[PDB]
Each structure stands twice: as structure tokens, then as C-alpha cells.
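In: this one's structure only:
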Ligand SMILES: O=C(O)c1ccccc1Nc1cc(Cl)c(O)c(Cl)c1
Ligand SMILES: O=C(O)c1ccccc1Nc1cc(Cl)c(O)c(Cl)c1
């Protein structure tokens, strides 16, 4: 598991559960090609997106579907989605995000 | 000025100066059309991106060029950009300030929206 | 104004208005002596806490009364306060802006320090 | 384990390892009484601070020794320490912090 995504909720003080996450890899013609996707678990985590063989160097985008998350909770949000764009460089990447209705924090833990 | 961007540096404790910012707007055909661009001043602020007339309803993407910022400082950072995507003006005109606080492997972003 | 505090609300996307702020300075005997206090304006800013003369070197604690803020809004939050503790003016006078971005169970804080 | 502390480093993209953490509980005369302490592990986490029997309702302060962390890395920091003050209310509390030299983010995950 070279890539993990973890999402937290700063309003409820909880994991952000059942958040849709879409990963894309940038193609040679600069378009974004679907790569992997899933929904966060009860712990706010999404494991199993990819494998070491399939996760080659390149630019990736992780699109967290925050708008739908907030609406399912009855809350009015600002962003369409949170976006995390980075280069994978030859390590286990954890992309974390801490969500509020009008704000988000994101970090990477690369170990 | 209905759209302002402010960027801060969490390593130095300072405005993030000379940060390039590109704004896009989603077109009818669902592509990201160029909308405006500029770079932050010595206060970390970027004013003058657009006008009340040109800033219509739509889905906007504010792309803050954080990798280019850190690289100009001699630092290899994690993210390519910070990308702030939001629907604007769908209840009438509003004024938006998009703020970001930058570190090499992390950022925060918020919005202040006023009527 | 060598010390300014700015507070934003990450739920509403707005300044955090009417936030009480208490500043303390560590005394010789290691207790926290009162130094200044005030509350944020309609822009989320608090100016006028102290003067160049009174703002000497020392260890300062800026206590932002976030629980009192959220409770006044009818919300039960996690933290009692946000507490920003730092050495000031130890290389000569500087100007400090302490900023905070508030959510019910979380906050961020940064400093902008200028000469 | 009713209380866990996790600390991350936003400069290096890593857990913040060997950070000293001191917990205090507010006493009846409003002083802060030492309660528990430890150092974060290789994962940035500090487990085993207290037990359910010893962690009663009250106001607690978690003081993360960020200044010494940054100095051991050769970096010049702003804060003396990060402070997280909260009421425990009768759940497993995780206090997380994301550190930069001039800034920190903190959240609670209460599950
Ligand atoms: O908004 C300002 O004018 C500002 C001025 C100084 C420092 C920060 C500022 N904003 C800000 C933005 C984020 Cl994203 C954040 O996390 C925190 Cl704590 C603050
Ligand atoms: O909580 C975790 O396990 C975690 C794991 C890896 C990276 C970050 C983590 N949490 C976290 C905490 C804060 Cl204060 C924050 O702002 C952001 Cl974005 C994330």
C-alpha cells in the first residue's frame, strides 16, 4: 500500500466517513486519467487504492468529494472538492485532510 | 475587487511574496477556461484579478503555484499547487478572499465571503 | 501597533467577530501576569492591545477565547481556548500578527513577524 | 487508552518523532497539576498516557514541546510550545497536531 488517504472532520471531531476519493494520474498530453478511487471507512481512511507495481513516478491528483460529504450531513459548504496534486518520487505516502465547511488543511506523511 | 488572494509562509512567519496565481472558470463544455492571473505582492496579497462585471456566476478554480514559490526559495516541496475550487456568485455578487498558509509538505486554505 | 490578533471562522467563512483575547507576560517569578486584553472587531481584527514602549522583551501568551465565541453562537466546542505562546522582541522590536482559523473541534494558528 | 496524542511535521512530511508531551489537569484552585507525559514514537504517536480510571471529567492541557523539537532539527521556531486545552466529557480522545516553524494546526478526534 504505497498510497493511503485519511480524512478528518473538524466540525464534529471525528473521522470523515464515506467520503468519495478519486485519484488521477497526469497523462502525457496533460489530461488527468482515472487511476483509483474509493470511499473512506469508519476510521476516515482509504486503503488499497493501488499497488507498488502500478504506482509509478508521475504527477497525481487526489480529489476529495467534500461538497457531497457536507451536504449528506446537512451542512452548507464552500468548496466543490479538495484537491491534492503532487509528484510521486522513488516510501509510503499518506495524504491527510482536515475538513471544515469553508476551509481545509492537508499534509503528506512520506515514510 | 470581488476576488482577492492572500498567501502566508508558515516556515518564515511572513507573507508569501511573489506567488503566482492562476484562476480558471468552468465553461459550458466543462473545460477549465483561463479567467485571470497575477502574483502576490510584498504583503502576500493579490488584488486586481477581476471586475464585478467579469466575475459572473460559475465554478472557479484558484491555482496557487506553491511549488514554483518554494523552488524559487531553493526548497523542494511536496505539492505541485494548491487548488481551491468553488461555486461563486450563485446567490448574487459576493466578495471572496481566498487565503492559504504554506509549508513545504502541507497547506491550509480558507475563504472569507462577504456580501 | 506592535501586536495584532486576527481571527477567522472556518464554518461560516467569515471574520470571527467579538472574540475575547487575553494576553499575559511571564514575570520574573515565572507566573503569567496580565498584559493586555480586547476583543475582535467586525473584521475579525484586534488592534490597540499595547504600545511600543510597553511591549518589551518577554515570553507572551495570547489566549483566544474560542469556547466563549462558539458558545455565544449556540455551539458546544471542544477547546477551552487557543493559546499562542512565544518569545517576543528578543532581537529588538518586531511587529507581530497572531492569526487563528477556528472550527468547533480544531484550529490553526500562525504568526507574521515583521521588522 | 482514553487519550492519544499524534504529532506530524509539515516541513519534512513525516511524523514528529521524539517530541516531549506534557499533560496537566486543572486543579480546584485553578493551577495545572502534572498528569502524564511522554515522548512521541517513530510514528509520531504517544500512547499509554493514562487509563480510563485515572482520566476523569475535567479540564486538561496538553503541552507539546515544539521549540525543542525544531531546535533538535536545526530550525528556528516561533512558539515556546503548542498548547491544547479542553474539557473531557463522559469515547477515545486523539489530540493531533501538525507542526510548522511559525504555525500549527490541531484537531480532536473523539470516537
Ligand atoms: O487572513 C489573514 O489576513 C491572515 C493574516 C495573517 C496570518 C494568517 C491569515 N490568514 C490565515 C489563513 C489560514 Cl489558511 C490560516 O490557517 C490561518 Cl491560521 C490564518
Ligand atoms: O490524524 C492522523 O492520523 C494524521 C495522519 C497523517 C497525517 C495527518 C494526520 N492528521 C492531521 C492533523 C491535523 Cl492538525 C491536520 O491539520 C491534518 Cl491536515 C491532518
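Out: Sure thing, it's come through. Numbers count the residues shown, from 1 in each chain, chains lettered A, B, ... in the order given. Ligands and ions are numbered 1, 2, ... in the order given.

In: and chain A, which residues reach chain B?
Out: A:59, A:78-81, A:83-87, A:100, A:102-108, A:110 (CB under 8 Å from any CB of the partner chain). From N, CA and C alone the C-beta is placed, and that goes for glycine too.

In: within the helices and strands, which one has the residue lying farthest from the centre of chain A?
Out: With CA atoms, centre = their mean as the measure, chain A has its most outlying C-alpha, relative to the mean C-alpha position, at residue A:29: 23.3 Å. In the assignment (DSSP states H and E), residue A:29 maps to no helix and no strand.

In: please apply the same query to the one 4 residues further on.
Out: In the assignment (DSSP H and E), residue A:33 maps to strand A:32-39.

In: all the strands of chain A, residue numbers only.
Out: Here chain A has its strands, by DSSP state E, at A:3-9, A:14-15, A:20-26, A:32-39, A:45-46, A:58-64, A:79-88, A:93-100, A:103-110.

In: could I get these as TSV with mean neighbour count?
Out: Putting the strands of chain A into TSV (neighbours: other CB atoms under 10 Å in any protein chain shown) gives the following:
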stretch	mean neighbour count
strand A:3-9	23
strand A:14-15	18
strand A:20-26	19
strand A:32-39	15
strand A:45-46	21
strand A:58-64	20
strand A:79-88	21
strand A:93-100	24
strand A:103-110	24
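
In: out of these, nearest to ligand 1?
Out: Closest of the strands of chain A to ligand 1 is strand A:103-110, at 6.5 Å (criterion: CB to the nearest ligand atom).

In: how about the residues of chain A that lie near chain D?
Out: Residues of chain A found near chain D (CB under 8 Å from any CB) are A:8, A:10, A:13-15, A:44, A:96, A:98, A:105, A:107-111.

In: try 7 Å
Out: A:8, A:10, A:13-15, A:98, A:105, A:107-111 (CB under 7 Å from any CB of the partner chain).

In: in TSV: the residues you listed, plus distance to ligand 2.
Out: Shown next, in TSV, are the residues of chain A next to chain D (distance: CB to the nearest ligand atom, whole Å):
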residue	distance to ligand 2
A:8	6
A:10	8
A:13	12
A:14	12
A:15	9
A:98	4
A:105	3
A:107	5
A:108	8
A:109	4
A:110	10
A:111	10
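
In: for the strand holding residue A:33, packing partners?
Out: strand A:20-26 (3 or more CB pairs under 7 Å, 6 or more residues apart in numbering or on different chains; DSSP states H and E).

In: parallel or antiparallel, list what pairs with the strand it packs on.
Out: Next to strand A:20-26 in the sheet, as set by DSSP bridges, lie strand A:32-39 (antiparallel), strand A:58-64 (antiparallel).

In: give me the nearest residue to residue A:70, chain neighbours excluded.
Out: The shortest distance from residue A:70 to any non-neighbouring residue, by CB to CB, 6 or more residues apart in numbering or on different chains, is to residue A:77 (3.8 Å).

In: residue A:35 and residue A:27 touch, don't they?
Out: No: when contacts are counted by CB atoms under 7 Å, residue A:35 is not listed as touching residue A:27 (10.2 Å).

In: follow-up on the earlier one: how about residues contacting the strand holding residue A:33?
Out: Outside of strand A:32-39, the residues within contact range by CB atoms under 7 Å, 6 or more residues apart in numbering or on different chains are A:18-27, A:46, A:49-50, A:60-61.

In: who in chain A is up against ligand 2?
Out: Contact residues (CB under 6 Å from any ligand atom) of chain A with ligand 2: A:6, A:94, A:96-98, A:105-107, A:109.

In: can I get the residues you listed in JSON lines with distance to chain C?
Out: JSON lines is the format used below for the residues of chain A next to ligand 2 (distance: CB to the nearest CB, whole Å):
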{"residue": "A:6", "distance to chain C": "15"}
{"residue": "A:94", "distance to chain C": "18"}
{"residue": "A:96", "distance to chain C": "13"}
{"residue": "A:97", "distance to chain C": "12"}
{"residue": "A:98", "distance to chain C": "6"}
{"residue": "A:105", "distance to chain C": "6"}
{"residue": "A:106", "distance to chain C": "12"}
{"residue": "A:107", "distance to chain C": "12"}
{"residue": "A:109", "distance to chain C": "18"}
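
In: perfect, I'm done here.
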